[PDB]
């Protein structure tokens, strides 16, 4: 999810800097370095227990 | 567990006030009113999921 956010943010940078050649001066850093708690909150929805209870009982 | 603690505390009161008739003057309140977090921490060991995963799958 973090990689998706980074690439989808950079596409906007490319489109805006080619659409607007006005200044192109600020040269900012990455929008998403150092993966945040939001990505874990999204990714925690799709987790599951792969081992059932009867297996552990066995 | 709270009831066990209360009765086991009152047995000490009876034994000490009959063993020592010295003053018997203070007339305190209950040792255990208003069940505390310790009883939940003890009772949470014996809990279990009564419904397995294959049943919910069904």
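No value in this document is a laboratory result; all are computed from the given coordinates. In this analysis, Cβ positions are derived from the backbone assuming ideal geometry, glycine residues included, and neighbour counts consider all displayed protein chains.
In nanometres and ascending order, the distances from the residue A:29 label point to those of the other copies are 5.6 (point 7 Å from Cα along Cα→Cβ). With Rh defined as the Kirkwood radius, the inverse of the mean 1/r over Cα pairs, the Rg/Rh of chain A is 1.34. Pairs of C-alpha atoms in the protein assembly as shown farther apart than 17 Å represent 78 percent of all such pairs. Packing, as the average of other Cβ atoms within 10 Å across residues, places the peptides B:48-55, A:6-13 in the order A:6-13, B:48-55, highest first. Take residue B:40, push a point 7 Å out from Cα through the beta-carbon direction, and compare it with the same point in every other copy: 2.4 nm, smallest first. Across identical copies of the chain, residue A:56 has label-point separations of 1.2 nm, listed in ascending order, with the point defined 7 angstrom from Cα along Cα→Cβ.
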